[PDB]
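One-based numbering along the sequence shown. All values below were derived from every heavy atom in this structure, side-chain atoms included, with hydrogens, water molecules and symmetry-related copies excluded.
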Amino acid sequence: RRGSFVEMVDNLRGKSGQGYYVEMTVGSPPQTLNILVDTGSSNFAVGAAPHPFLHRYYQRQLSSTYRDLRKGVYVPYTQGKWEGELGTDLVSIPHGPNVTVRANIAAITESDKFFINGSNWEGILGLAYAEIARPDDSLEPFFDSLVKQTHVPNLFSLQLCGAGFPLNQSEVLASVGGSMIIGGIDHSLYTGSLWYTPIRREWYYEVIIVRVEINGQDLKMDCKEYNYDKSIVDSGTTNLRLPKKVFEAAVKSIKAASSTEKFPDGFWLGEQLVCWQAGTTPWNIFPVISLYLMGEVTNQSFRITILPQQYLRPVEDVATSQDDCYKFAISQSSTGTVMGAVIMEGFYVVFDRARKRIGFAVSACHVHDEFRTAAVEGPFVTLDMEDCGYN
Ligand SMILES: NC1=N[C@@]2(c3ccns3)CN(c3ncc(F)cn3)C[C@H]2CS1
């Protein structure tokens, strides 16, 4: 298998906890900024005023190509908020397609818990659809603009590379965190076959989960529960997030599978780290997790299987040690299933907008051990899969 997109391979940096970012330029002359890649939102928004956690920001007064749209945008969400001023400017991705487009840009003037101390990113690239753009769906998202203005195919693909150990801020700076291939699929980034699930509706990247197993044991819930009230693929979320009742059932099953060791409640709640002596993490006591997704062919599904090497997120010890430490990166949701960064780290994920489908293949960079690997397998005969979708 040949890799046909060398210019874009290794263009991401970062990690699941703080997010993965790509270098972009905005304005004339070009202003370089690092931008978080978020498949869970649809606005392109950049720091545009001094902030304690920003080393640089977009300076509209220094761009000859800046256009003021004379309109504010206010974006509150669960864990934070940003607000700013809408405009347009010329935008490029240096390690991307060799094109420059005129895009909507939200210039962020005020924010709360948006910029992370030491993340290295200064803005967000929302790659989902117009339906969820703010202030409304008339604000064309970046990827829409790029496709409309250029010959770039209406597809992108993400390989998010977890290190399997903690990285400090300077280690992130020096390290490759993955690839965003704009307009194509690079065959070097995966092994085995790509399997595709339909995009149910074009707003978030919404999919349908039809079965869940823990170490091969069916969680045995009504499949609507898995998709209540939606299931999405979201690079801007760290964890695998599951609806409350699914979370409760899954955690019970994961506890039962790992019962040779007892972990505190704070671990299972995603709050508290666990630590083992260097090199002794007991991967084998933790179960694999399989999610079965609706296939493209009538009555067919396929499964993606992740390891504890995906769902245990490496963190630095709260005190200086050589221990290997992790947090549990599965958590409860009241807004549906979110297949976040820790699950995307297992897989090369193809966002095939042109054919309204999402592809999954085992990542060439996934963390594993000598005994088990992540997997994408099928087909399976699965009936009444449309009934799994929530209305
Ligand atoms: N995938 C994610 N993305 C976000 C962020 C990720 C990192 N910093 S904020 C952005 N975000 C958002 N953005 C626009 C909007 F209209 C609604 N919500 C939700 C927030 C957490 S979950």
Q.
Looking at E248 and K244, is any side-chain nitrogen of the basic one under 4.0 Å from a carboxylate oxygen of the acidic one?
A. yes
Q.
For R357, is the CZ atom crowded, meaning more than 12 foreign heavy atoms sit under 6.0 Å from it?
A. yes
Q: Tell me, yes or no, whether the heavy-atom count around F351 atom CZ, taken from other residues, nucleotides or ligands under 6.0 Å, exceeds 12.
A: yes
Q. Minimum heavy-atom separation for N104 to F44, with atom names?
A. O-CD2, 3.5 Å
Q.
Is it the case that the side chain of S235 and the backbone of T39 share a donor-acceptor pair, with hydrogens and angles ignored and the cut-off at 3.5 Å?
A. yes
Q: Please answer whether the main-chain N or O of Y226 pairs with a side-chain N or O of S231 as donor and acceptor at a distance below 3.5 Å.
A: yes
Q.
Ring centres under 6.0 Å, that's the criterion: do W283 and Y326 meet it?
A. yes
Q: Test side chain to side chain contact (heavy atoms under 4.5 Å, CB included) on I214 and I254 and set out the steps.
A: CA-CA 7 Å; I214 310 297; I254 298 166; 4.1 Å; yes
(Q) Is the shortest side-chain heavy-atom distance between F267 and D265 below 4.5 Å? (A) no
Q. Could you state the interatomic distance from CG (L293) to CE (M339), rounded to the nearest 0.5 Å?
A. 5.5 Å
(Q) Can a donor-acceptor pair be found, under 3.5 Å and without considering hydrogens, that links the side chain of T100 to the backbone of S92? (A) no
Q) Rounded to the nearest 0.5 Å, how far does CG of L269 lie from CZ of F263? A) 14.5 Å
Q. To the nearest 0.5 Å, what is the distance between CD1 (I343) and OG (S16)?
A. 12.5 Å
Q | Close aromatic pair by centroid cut-off 6.0 Å: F247 and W268 | A | no
Q.
Closer than 4.0 angstrom, basic N to acidic O: yes or no for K245 and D222?
A. no
Q. If you measure only the distance, is there a donor-acceptor pair under 3.5 Å linking the side chains of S170 and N168?
A. yes
Q | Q310 side-chain N/O to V367 backbone N/O, donor-acceptor pair under 3.5 Å | A | yes
Q | Single-linkage hydrophobic cluster, 4.5 Å side-chain cutoff, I185 and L12 together | A | yes
Q.
For the CG atom on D136, are there more than 12 heavy atoms of other groups (residues, nucleotides or ligands in this structure) within a distance under 6.0 Å?
A. yes
Q) Does some side-chain heavy atom of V212 sit less than 4.5 Å from a side-chain heavy atom of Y292? A) no
Q. Has the side chain of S301 got a donor or acceptor atom that lies under 3.5 Å from a matching backbone atom of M294?
A. no
Q) Under 3.5 Å, side chain of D323 to main-chain N/O of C325, donor-acceptor pair present? A) no
Q: Hey, could you give me the NZ/CD distance between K71 and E85, rounded to the nearest 0.5 Å?
A: 13.5 Å
Q) Looking only at heavy atoms, what is the nearest atom pair of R200 and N391, with distance? A) NH2-OD1, 3.1 Å
Q.
Check for me whether the distance between the ring centres of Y348 and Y190 falls short of 6.0 Å.
A. yes
Q. What do you reckon, is CZ of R102 surrounded by more than 12 foreign heavy atoms closer than 6.0 Å?
A. yes
Q: Find out whether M8 and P97 are in side-chain contact, i.e. whether some heavy atom of one side chain is under 4.5 Å from a heavy atom of the other.
A: yes
Q. Just wondering, are more than 12 heavy atoms of other shown residues or ligands nearer than 6.0 Å to CD in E7?
A. yes
Q | Sequence-distant partners of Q31, side-chain contact (heavy atoms from CB on, under 4.5 Å), two or more places apart | A | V26, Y58, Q59, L62, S63
Q. Is the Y21 to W121 ring centre distance short of 6.0 Å?
A. no
Q: Would you kindly confirm whether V210 and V297 end up in one hydrophobic cluster when ILVMFWY residues are joined by side chain heavy atoms under 4.5 Å apart?
A: no
Q. Same cluster or not: are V207 and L155 linked, directly or through other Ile, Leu, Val, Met, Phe, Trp or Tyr residues, by side-chain heavy atoms under 4.5 angstrom apart?
A. yes
Q | Exam field: side chain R303 to backbone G378, donor-acceptor pair closer than 3.5 Å | A | no
Q. When you look at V246 and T337, which way does the side chain to side chain contact (heavy atoms under 4.5 Å, CB included) test go after all the steps?
A. CA-CA 9 Å; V246 178; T337 293; 5.9 Å; no
**Q.** Atom CD of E261: over 12 foreign heavy atoms under 6.0 Å
**A.** yes
Q: Could you check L86, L139, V75 and say which one makes a side-chain contact (heavy atoms from CB on, under 4.5 Å) with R134?
A: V75
Q | Non-hydrogen side-chain atoms of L312 and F328 separated by less than 4.5 Å | A | yes
Q) Can you name the nearest heavy-atom pair linking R60 to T109, along with the distance? A) NH2-CG2, 4.2 Å
Q. Do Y205 and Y129 have their ring centres less than 6.0 Å from each other?
A. yes
Q: Taking atom types as modelled, find out whether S290 and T305 have a side-chain donor-acceptor pair closer than 3.5 angstrom.
A: yes
Q) Any side-chain heavy atom of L273 sitting closer than 4.5 Å to one from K327? A) yes
(Q) Please tell me whether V99 and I105 are part of a single hydrophobic cluster in this structure, the criterion being side-chain heavy atoms less than 4.5 Å apart. (A) yes
Q.
Run the side chain to side chain contact (heavy atoms under 4.5 Å, CB included) test on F302 and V376 for me, step by step, so that the C-alpha distance in whole Å, both residues' side-chain angles and the decisive distance to 0.1 Å come before the verdict.
A. CA-CA 7 Å; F302 64 96; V376 182; 4.0 Å; yes
Q: Please tell me if the side chains of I93 and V22 come closer than 4.5 Å, counting only heavy atoms from C-beta onward.
A: yes
Q) Hey, does the side chain of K113 reach the backbone of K81 with a donor-acceptor pair shorter than 3.5 angstrom? A) no
Q.
Tell me whether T237 contacts the main-chain N or O of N239 through its side chain, where contact means a donor paired with an acceptor under 3.5 Å.
A. no
Q: List the steps and the verdict of side chain to side chain donor-acceptor pair (under 3.5 Å) for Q169 and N120.
A: CA-CA 8 Å; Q169 192 204 311; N120 299 310; 3.2 Å; yes
Q: Determine the minimum heavy-atom distance between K230 and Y204, stating which atoms define it.
A: CE-CE1, 3.7 Å
Q: Output yes when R211 and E213 qualify as a salt bridge under the 4.0 Å nitrogen-oxygen rule, no when they do not.
A: yes
Q) Would a distance-only check, ignoring hydrogens and angles, find a side-chain to backbone donor-acceptor pair under 3.5 Å from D234 to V338? A) no
Q) Is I108 reachable from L69 through a run of hydrophobic residues whose side-chain heavy atoms are each under 4.5 Å from the next? A) yes
Q. With a 4.5 Å heavy-atom cut-off, do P166 and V315 have their side chains touching?
A. no
Q | Rounded distance (nearest 0.5 Å) linking atom CD1 of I124 with atom CZ of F114 | A | 4.5 Å
Q.
Is there a side chain to side chain donor-acceptor pair (under 3.5 Å) between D186 and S188? Walk through the geometry before answering.
A. CA-CA 6 Å; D186 185 299; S188 76; 2.6 Å; yes
Q. Is any side-chain heavy atom of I330 less than 4.5 Å from a side-chain heavy atom of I289?
A. yes
Q: For residues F143 and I182, report the shortest heavy-atom separation together with the two atoms involved.
A: CE1-CD1, 3.8 Å
Q) What heavy-atom pair brings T65 and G27 nearest, and what distance separates the two atoms? A) OG1-C, 4.0 Å
**Q.** Spacing of SG belonging to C365 relative to CG belonging to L160, to within rounding of 0.5 Å
**A.** 8.0 Å
